[PDB]
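Chemist: Pasting in a structure now, in structure tokens, and then I'll have a few things to ask.
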Amino acid sequence: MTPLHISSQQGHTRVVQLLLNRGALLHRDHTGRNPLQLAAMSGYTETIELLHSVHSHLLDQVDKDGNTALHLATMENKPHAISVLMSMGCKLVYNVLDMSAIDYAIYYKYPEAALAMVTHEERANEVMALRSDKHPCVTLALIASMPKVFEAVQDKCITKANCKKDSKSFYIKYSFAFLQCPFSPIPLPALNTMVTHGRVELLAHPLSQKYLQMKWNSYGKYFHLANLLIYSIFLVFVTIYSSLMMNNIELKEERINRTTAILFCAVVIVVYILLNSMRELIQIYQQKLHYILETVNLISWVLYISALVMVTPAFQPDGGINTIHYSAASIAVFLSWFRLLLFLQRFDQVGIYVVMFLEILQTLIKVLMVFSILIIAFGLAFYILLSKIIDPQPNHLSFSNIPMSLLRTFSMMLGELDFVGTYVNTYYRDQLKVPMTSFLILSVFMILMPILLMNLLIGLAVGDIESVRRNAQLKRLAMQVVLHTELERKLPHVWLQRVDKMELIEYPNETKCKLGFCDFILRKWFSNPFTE
Amino acid sequence: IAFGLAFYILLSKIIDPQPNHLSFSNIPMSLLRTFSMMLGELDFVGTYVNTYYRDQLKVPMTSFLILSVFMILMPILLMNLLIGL
Amino acid sequence: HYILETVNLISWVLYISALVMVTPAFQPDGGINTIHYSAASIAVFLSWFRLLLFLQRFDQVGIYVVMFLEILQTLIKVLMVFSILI
């Protein structure tokens, strides 16, 4: 370092003014830095503006590592010396590690030095179009790392006008240019990342709401209603067909009489399954590895096979009914209605109660596999003690088998111990095989299975209802994102990208059109974005 | 309605209707009886075990399947939703 | 600590009961009676209740056995005080 490097590093402005007027020449130090790199490493924005006015060429030359003056002021978090180096016209070039200026501010996690770059007035949308190697999109990297910064980028996408807030020419402009980032066009890129990391403050912001209300009014309100009314034809023609089969079930082998009402219902079922399987086979062609992962598709294959096995005796020459047709009927009627609860998650007033039901069902599968130990622990222990009763009365027959003693143990943590019938009556007439231990395993049963385990499952289903009423706003907004995602995953691209807009101009003083009665019904019982 | 129809399919055509299977011989009666056995009285020994070891239960291995998924979610999972609310 | 620690005292009721269970496989004739059904059921029940003490240390499902063995410590202090009412 020369004394021009040392004086400008410490920011002594009157000394660097003195050395310039007496002809202090300029050259690099051993690192490669000029006097303006060093004054920018420290935060002295009075010495940057002096040196740039005298020697204007040394703003945008690099050291031996390829860093400019903007990288160096970003590597150690001087946000006042970034807003000055960008206003003078720094060049925004890449490092020798191929890592830009905004990269070091989202990699060292400096939220102050990355807010001074993406909120700059002149040069905002030249640092949000860099597309580096470690970060391919700056929008999708601020939502992951620093979500307070991206809330201050959405504030600058809402521009007003200056017309006194109540005149007839006051428009408010929304700009969706950053929520749709071209780098496989996944449908809502910047909102599937808000819900993956769970950012509720970036979904409830008034730019994201108008981005969904642009899509709700466009296409996404008619194609949820037209998915429920197609399923409610398969729902009705299954419960009608199983109800008719139970009356028309006469003898002679057992054989049904194929009337013109169970033959009409068996055709509407078998034609619904083919047309709703050739929608499945299209979705198999692109989306192979989520059929292990997603459950609601796997439910629809047990439903569709069972409804095909149900309708087979309406097509044979004689109606061949047997045990395997009652089995497939009851699985088809039960799964047709349990599928209907998956469509009622998205209603308005009553939708939250199926979110609470399917979250305390996810916990009770992890609990009822861990504490399937205790059912095997007792169910074997009652099979040892209670199976060799010398006269099996039809209350001890439920323990004469190893799988039957595991059902019976599970259906007496629900209340019916039958204490008088199979422990007291069979003891005072000298029939209980091992007396003083049968009252020991039972006395430790009713301490911990119907008291201690059933109060564990109540205490877990109060903490999974409170943690839905807590974050209910995230649960509602994540339904509408995942709705519009898969809806335009299926629509054709030719009249998809011509109906969205890049910017919405709104006039909040003109006489609005009154709401149509068809549109008024669609807003009462659907989770719409119009409830702000 | 999902279970009450499903028990009407499996349990209505028992070849000797004992007065514990008469509550499932009708579609509105199988919707009362399903609602009054999420309150505790499954009657597991009376209408599933006694009528199985004397060869009277019509479809055996599925009647223990709908019942085993009944007592997971109606008298455990639904009745602990109404306590947590 | 054998007075103080419980999981060692469980392992001695388990090991004695499994020895009494296997005695009629070693006698000249198999002498089975009531005391061999008693030791069999305590050995099968305590073999699996010991298995819940190893699942405390798993990742996703381990917290649910911590909750089970903490509401079991309270329900012993309560079901000795309110053994008066019984």
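We're sticking with Swiss-Prot numbering for chain A, so the shown stretch reads 514-696, 713-781, 819-1098, in order.
Per the header: electron microscopy, 3.2 Å.
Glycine is no exception: its Cβ is also placed from the backbone N, Cα and C atoms.
Straight from Swiss-Prot, here's the annotation block:
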- A:544-574: repeat 'ANK 13' (REPEAT)
- A:578-607: repeat 'ANK 14' (REPEAT)
- A:754-774: transmembrane segment (TRANSMEM)
- A:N823: N-linked glycosylation site (CARBOHYD)
- A:828-848: transmembrane segment (TRANSMEM)
- A:857-877: transmembrane segment (TRANSMEM)
- A:890-910: transmembrane segment (TRANSMEM)
- A:933-953: transmembrane segment (TRANSMEM)
- A:1005-1025: transmembrane segment (TRANSMEM)
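Set these features in their place in the structure for me.
Modeler: Sequence-distant neighbours of the repeat 'ANK 14' (A:578-607) (same chain, 6+ residues past either end, Cβ-Cβ under 8 Å): 545-546, 549-550, 553-558, 561-562, 565, 572, 613-615, 617-618, 621, 623, 625-626, 628-630, 633, 635-636, 639-640, 643, 645.
Long-range contacts of the transmembrane segment (A:754-774) within the same chain: residues 822, 825, 827-828, 831-832, 834-835, 838, 842, 873, 876-877, 895, 898-899, 902-903, 905-906, 909, 1088, 1092, each at least 6 residues beyond the stretch ends and with a Cβ under 8 Å from a Cβ of the stretch.
DSSP assigns A:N823 (N-linked glycosylation site) to coil in the three-state reduction, outside any helix or strand. Cβ environment of A:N823 (N-linked glycosylation site): A:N777, A:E779, A:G885 lie under 8 Å away, each six or more residues apart in the same chain.
The list of residues near the transmembrane segment (A:828-848) in space but at least 6 beyond its ends in sequence, with Cβ under 8 angstroms from a Cβ of it, reads 762-763, 766-767, 769-770, 773-774, 777, 822, 863, 866, 870, 873-874, 876-877, 880-881.
A Cβ distance under 8 Å defines the sequence-distant neighbours of the transmembrane segment (A:857-877), meaning residues of its chain 6+ beyond its ends; these are 767, 770-771, 832, 835-836, 839, 842-843, 846, 850, 890-891, 894-895, 897-898, 901-902, 904-905, 908.
For the transmembrane segment (A:1005-1025), same-chain residues at least 6 beyond its ends with a Cβ under 8 Å from one of its own Cβ atoms are 930, 933, 937, 940, 944, 947-948, 951, 975, 978-981, 983, 985, 989.
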Chemist: Would you mind listing the long-range same-chain contacts of the repeat 'ANK 13' (A:544-574), meaning Cβ under 8 Å and 6+ residues beyond its ends?
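Modeler: Same-chain residues near the repeat 'ANK 13' (A:544-574) but 6 or more away: 514, 517-518, 521-524, 526, 529-530, 533, 580-583, 585-586, 588-589, 591, 593-594, 597-598, 601-604, 606.
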Chemist: DSSP-wise, what's the residue breakdown of the repeat 'ANK 13' (A:544-574) into helix, strand and coil?
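Modeler: For the repeat 'ANK 13' (A:544-574), the helix, strand and coil counts are 18 helix, 0 strand, 13 coil.
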Chemist: Let's see if you can do this one: DSSP helix, strand and coil counts over the repeat 'ANK 14' (A:578-607), in that order.
Modeler: 7 helix, 0 strand, 23 coil
